[PDB]
Amino acid sequence: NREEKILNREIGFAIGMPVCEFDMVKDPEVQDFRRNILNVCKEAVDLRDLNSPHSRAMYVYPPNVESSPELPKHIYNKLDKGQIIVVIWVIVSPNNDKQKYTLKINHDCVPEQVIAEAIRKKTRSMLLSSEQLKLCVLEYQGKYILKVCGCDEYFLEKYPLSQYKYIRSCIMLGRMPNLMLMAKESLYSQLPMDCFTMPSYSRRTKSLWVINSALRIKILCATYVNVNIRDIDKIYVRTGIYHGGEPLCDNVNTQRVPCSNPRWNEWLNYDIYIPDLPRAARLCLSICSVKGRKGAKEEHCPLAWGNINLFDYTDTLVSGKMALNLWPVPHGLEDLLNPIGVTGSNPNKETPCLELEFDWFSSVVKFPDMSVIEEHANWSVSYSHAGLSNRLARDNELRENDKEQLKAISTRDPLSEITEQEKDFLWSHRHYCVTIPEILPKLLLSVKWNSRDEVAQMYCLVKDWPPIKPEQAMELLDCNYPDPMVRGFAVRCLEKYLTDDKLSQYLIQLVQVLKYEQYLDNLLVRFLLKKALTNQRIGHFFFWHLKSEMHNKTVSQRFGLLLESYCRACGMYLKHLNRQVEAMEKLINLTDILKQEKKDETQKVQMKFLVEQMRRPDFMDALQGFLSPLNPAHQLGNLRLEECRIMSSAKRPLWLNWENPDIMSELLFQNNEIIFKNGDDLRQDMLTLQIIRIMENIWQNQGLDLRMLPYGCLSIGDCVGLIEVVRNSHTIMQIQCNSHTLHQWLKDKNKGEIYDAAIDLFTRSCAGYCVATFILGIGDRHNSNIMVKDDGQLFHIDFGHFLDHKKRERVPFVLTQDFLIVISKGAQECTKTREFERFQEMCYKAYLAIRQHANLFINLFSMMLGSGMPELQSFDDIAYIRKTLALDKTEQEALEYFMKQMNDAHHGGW
Ligand SMILES: CC(C)n1nc(-c2ccc3oc(N)nc3c2)c2c(N)nc(N)nc21
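Mind the numbering: the sequence shown is residues 107 to 310, 324 to 500, 507 to 862, 873 to 942, 949 to 1051 in PDB author numbering, read in order.
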């Protein structure tokens, strides 16, 4: 009753729009989504209440683990004969006195085995229990749990110690793991009971194939089409029928009419049989203007665009009158139509509005059931008669050359052109294609989607199609694959094989491809919502990725409604998310004042204003005692205003410092430092840092310890976000305060026997960033955007642009003599040294490794075409990595290409 109203106010604060605004949406799909999605909410809540309190603690503090338990050979070599030295802390009695217990145990020990050994070492002091029964009431390993010292990360599940990311990181970085022994009931009491209630809104024919007609759509008239009548002569509505991004028939234009009276009243006839309309078929249209002329070819220009699903969410072929409010053209539309554009009516009703009428067949026309589709596919099945079409092959028509040809085709990258010969070939051998499952994306593109006979047969292949790798399945969720049977199969592969580690890794892409879904309620959204509601680490980022796009009206409805369903069932975390949302709001409003009102003032004056505004009661309270949106395991305690400052970077970002209120903060970090940036789109850096992380993981598995630094970056809104401060790091320019300056600095920071490890870490990190930046075509490097850690770890910051941002393949990271001197340990002939030869071998090995995983990187960029990133608008942008990775060329030709690009950039050496 009263509790619903309170919850509605909390959800409203979280999503940035009131819940009541969803209640007033008349669209039945919106109301059905809101109602129907609640079953995912029920399901998720039940799984959390299954084995309470542990199942609830597993939701709140899920194990931060690697996908595979298996440790690479060079990582195992860092261990002392397969054993790890672990420190276990116990907070005991008054004065909260900390007591450490250092243990030497097998890397694959279960946390309960780790707890047992710690209590044995604690008990060892009492030499009485030591001899007779060392157990001490079965060491009550079930009465305690291990927590990471300095952050809210627990070891609640039976995994091997080394599989937990904190431990693997400790091994790799040569750091001592510090864990805190905590009583189970101390954590369980912190965990509040989940009181999920259903909202008040929870309470509230002929077949397509029996229509022997071609498709017709009526264009009536347009309103709100205001244009300079002195400039423009006439206007017209351009239309087309599409399956995803590809047309199913030729485009049909209306008659040209003067803009003073846009009233066509024309029935446009399409070259498509109504039964041949695929499930995902859409009407794509646009209002264009035509003028000119100068005696030269006419001047066409799109004014506004709009896309419609030819079938509604209930499988009903759209009928009757319909009005579509159009969208404004985005810069760089290489056609008069925008089929990759969002399907639907513009929420702003004071925009061009085209009135349409569809056909009516004296009955509700519905898309056929799978029983009708199966029967038709089975029905669609002499020796020489198969020879009449290159698109069909009979019983035993699979040669050994053709089998190897299909294998060769499946290897090729997603951006590789499949010829029409290859499309007929793939389709004719579709039944053999089942034996090579990974070929599915190629075979699907070979289908004639404007043929019900082919599509029905393809549907039966997809039904009994063997599972493919999650990474291979993700391609099938991009814009190229609109069919629900194909997309449904892809979601089913992720449900079965995607680990929560990998889901967290690829969550940005999965959130993006939701935008390519025809309907609000689909298999993908249900999959992602259930995962977000059964894992709070996933849920946190699911919330922020959706919230960061709420300002974009192309996705605000879908994302708003999805966020509402999330908030209604996430539990206690809503209260915590709201603290973060308010904290961000105060930082946005404060930085907005500094960019608008106080921009033309000195740092002393600006800082005076910052300090005064921060010390305000409402501000102080809002901005302290919340969880870092960058990593919600990090508690941000009280602000250290003396350590906070306005940065000298443009867009004047705030450098913020909070106390870490963890009892063992000293063993991780006492102060949490974050850069709040207002002015830059953080999405490009977010995707680059994700790719860097993936590249590093590839190299590590292959046995190349090339340490990268994919620091934390999170977009929280329209050109607003957070950036992780890398501790003990400085830019090359701030080091230079000659060529030996950098090497001399690292020598002083790493004196004695540690020197050789610092040079090694420098060379290795340098090699990783050299390869990564060249492949990705990152923005040009310089002394202010290259940083070095005290230990010697080199890394880059502020990516900004990737791929061909110039608009012939650049080398962003040119190694000056400064870097080569450090590499060669202070040598005269920097080129001809064993240290440089070692360094080159690292770059070559790293280059080829990424070449082998090319399909993943192409696919991660492809799924990202949905977001409005300026340098990632078409598949031609993505094609830059086809060039840098030299995919058309051979492996030896690729090394020669890489060597030549490095040779030309550095003026010799390679
Ligand atoms: C002091 C300054 C040179 N700086 N800038 C950044 C940074 C600031 C803004 C950024 O924007 C992007 N995209 N990467 C960025 C990196 C950064 C950082 N992360 N860590 C440390 N210790 N110092 C940093």
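Note that CB positions come from ideal geometry on N, CA and C, so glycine has one too.
Using a 10 angstroms sphere on the CB of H931, the tally of other CB atoms reaches 16 or more, which defines it as buried. Taking every protein chain shown into account, the CB of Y1021 has 16 or more other CB atoms within 10 angstroms, so this residue is buried. Pairing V131 with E689 gives a Cβ-Cβ distance that is not under 9 angstroms. Proximity of the segment 431-450 to the segment 294-305 falls short of the contact definition, fewer than three beta-carbon pairs being nearer than 8 angstroms. Per DSSP, the beta bridge partners of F930 are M922.
Taking the C-beta atoms as reference points, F734 is found nearer than 9 angstroms to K723. The three-state reading of DSSP puts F486 in coil, since its state is none of H, G, I, E or B. For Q809, the uninterrupted alpha helix (DSSP H) run begins and ends at 808-827, by DSSP. Boundaries of the beta strand (DSSP E) harbouring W783: 779-784, taken from the DSSP string.
Unbroken alpha helix (DSSP H) stretches of 4 residues or longer found wholly inside the segment 719-769: 728-739, 742-747, given in chain order. Going by beta carbons, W780 and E791 fall outside the 9 angstroms limit.
Residues of the same chain with a CB within less than 6 angstroms of the CB of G762, apart from the 5 flanking positions on each side, are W783, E784, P786 in chain order.
Short note on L569: C-beta not closer than 8 angstroms to any heavy atom of ligand 1. In this structure, the CA atom of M833 is about 26 angstroms from the CA atom of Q637. Classified as exposed, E768 has fewer than 16 neighbouring CB atoms from the shown chains inside 10 Å of its CB. Secondary-structure assignment with DSSP links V171 through a beta bridge to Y270.
Residue side-chain check: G935 places its Cβ nearer than 8 angstroms to a non-hydrogen atom of ligand 1. Here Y294 is near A163, since their CB atoms are less than 9 angstroms apart. Taking C-beta atoms as the reference points, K485 and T560 fail to come closer than 9 angstroms.
The DSSP-derived three-state label of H362 is strand. In terms of CA proximity to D717, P778 leads the group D746, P778, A657.
DSSP, reduced to helix, strand and coil, places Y836 outside both helices and strands of the structure shown, so it counts as coil. For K655, the enclosing alpha helix (DSSP H) starts and ends at 648-657.
C-alpha of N347 to C-alpha of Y361: approximately 32 angstroms in a straight line.
Taken in chain order, the whole beta strand (DSSP E) runs of length 3 or more contained in the segment 348-404 are 353-362, 382-392. Between the alpha carbons of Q993 and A1035 lies a gap of roughly 12 angstroms.
For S919, the closest alpha carbon among the candidates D352, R309, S854, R808 is that of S854. One Cα belongs to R916, the other to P953, and the distance between them is close to 6 angstroms. In terms of Cα proximity to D478, the closest of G460, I338, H510 is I338. Not one heavy atom of ligand 1 falls within 8 angstroms of the beta-carbon of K884.
The beta carbon of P217 sits closer than 6 angstroms to those of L252, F261, all from its chain and outside the five residues before and after it, given in chain order.
Note that the C-beta distance between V616 and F652 is below 9 angstroms.
In the structure shown, the three-state DSSP call for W424 is strand. Going by DSSP, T229 is part of the alpha helix (DSSP H) stretching over 217-229. In the three-state reduction of the DSSP assignment, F794 falls in the coil class, being assigned neither a helical nor a strand state. Judged by DSSP secondary structure, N212 falls within the beta strand (DSSP E) whose first and last residues are 204-212.
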